[PDB]
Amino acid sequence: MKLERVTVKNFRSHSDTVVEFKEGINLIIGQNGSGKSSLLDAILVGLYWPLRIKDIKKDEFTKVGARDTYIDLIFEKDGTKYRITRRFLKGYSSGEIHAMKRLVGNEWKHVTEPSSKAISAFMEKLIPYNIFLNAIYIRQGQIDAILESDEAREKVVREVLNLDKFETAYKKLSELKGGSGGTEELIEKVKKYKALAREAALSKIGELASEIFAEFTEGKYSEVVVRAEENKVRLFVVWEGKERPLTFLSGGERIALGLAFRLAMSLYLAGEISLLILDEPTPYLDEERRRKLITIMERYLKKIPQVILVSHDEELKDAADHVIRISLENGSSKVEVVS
């Protein structure tokens, strides 16, 4: 998956903004209240409306003084370039218009009926909503969300592992029944092989998270243990040779672990999904940890085909591949392409 162009009119601080995204680390740099998250949430609205997210509401997100909100997103997936267009009318949801098209040669052509329902169904088939919200787009303040519960984590992990190319093949063979030694034996074989493949994926996620978290904490925590048990995915950190629960960590260490785990999932998915969007990675991190973040950008974020990073921290500029500066001018966001 690759975002190419985002056009936004009258969404929060954005009156008329166009952003071209590219390969590599795209950094959006801006002060508090400049329009960074507004841009990222417009992308989320563009892709997945209707949302049932409490802090995102149409009546609220229309720019003050305007009546009409417009979002136009162009992205690539599996070789096909897609375009989704949405228009919202403030306080009057009957002028609301939605469209999703694909690029056929030189022409944009409808890929489904121009309706929220049809577009939603199509998008869900392209990239499941739960995968996007919990493994691709990490909203401001949600870095440690995947640490807080054996509910959201188990679900996203299971759904992430479900993206494996052989998953549907496994499930099918599991359905046949001849009551024969051949059928039973084969289904048992498939079930075992699938379980081992998952365990390997989870081990690989644990390996990556361990390497990143050890780098982050200068070896203070020697491993991040990721263990599937029944309907749970357990997470531990190893300190002085033994597994400890996540409450062992400090507030800053928790952010560091969240980043480690997010990155590890994105790296495991670098081929299948290939996109990470991260909004303000520095909260609670001390000076040393922010420095390590730059190192981890160089060594890990560079290994994900497309990354969109948003921050107020100027020191991250040097580690990005493309820099866009956003600022608030006359009550409207202004976007400047630096790199």
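A residue's number is simply how far along the shown sequence it sits, counting from 1.
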So, looking at the entry's B-factor column for Cα atoms, which has the higher mean, 219 to 227 or 86 to 94? 86 to 94
Comparing 185 to 193 with 137 to 145, which has the greater mean CA B-factor as deposited? 185 to 193
From the entry's CA B-factor values, the highest among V238, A152, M265, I74 is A152
Taking the values straight from the PDB record, which of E253, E211, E243, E175 has the highest C-alpha temperature factor? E175
Assert third(CA B-factor, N330) within chain per record equals highest
Could you look up the Cα B-factor of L249 in the entry and say which third of the chain it sits in: lowest, middle or highest? lowest
For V6, does the deposited CA B-factor place it in the lowest, middle or highest third of the chain? middle
Per the entry's values, where does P50 land by CA temperature factor relative to the rest of its chain, in the lowest, middle or highest third? middle
Where does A260 sit by CA temperature factor within its chain: lowest, middle or highest third? lowest
